[PDB]
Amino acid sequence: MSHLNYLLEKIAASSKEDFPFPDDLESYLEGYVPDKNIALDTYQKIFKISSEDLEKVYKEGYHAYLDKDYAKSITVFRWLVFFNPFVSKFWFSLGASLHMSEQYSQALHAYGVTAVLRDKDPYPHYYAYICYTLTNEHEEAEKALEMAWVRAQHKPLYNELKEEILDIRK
């Protein structure tokens, strides 16, 4: 049994509900941009889930992603985002999984949230550029490319990306 299923059953058992969660996490998360300034406890906090527990679940989703089982990874990452939507790598891995599944519209949203949670990182913007390109084209690709560019240049950490953007622009 996966640790995720262990947690859900653990939570469900200690409630007066058969299933104390939304049925459709996809619909539940649509258009959602986590606001760090809203003084609300996360469901990780509410359900007393340790960060170590979420990490175990993250690896499970990550493992599924590496096995090209994107459907399974998407399921897992949505749960993680449900429990703690302020962890940027949860959204990023969710975005990547949707990207590989060619669910670009939702992949774009996840990338966008990752950007908000992780302002210094150019890569969420770059993958947004790729996806916007894949819609042929919303014309949001160039705007996202520039945002990646600003964050990519001047820093040695993001040089590989800086080279690519230069290579793109010609």
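Just count from 1 along the sequence shown to find any residue number.
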property: Residue range whose averaged C-alpha B-factor is higher in the record, 48-56 or 124-132; result: 124-132
property: 156-164 set against 8-16, stretch whose average Cα temperature factor tops the other in the entry; result: 156-164
property: Per the PDB entry, maximal CA B factor within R118, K36, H138, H109; result: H138
property: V81 CA temperature factor, ranked by third within the chain; result: lowest
property: CA B-factor placement of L94, once the chain's modelled residues are sorted into thirds; result: lowest
property: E30, C-alpha B-factor rank within chain (lowest, middle or highest third); result: middle
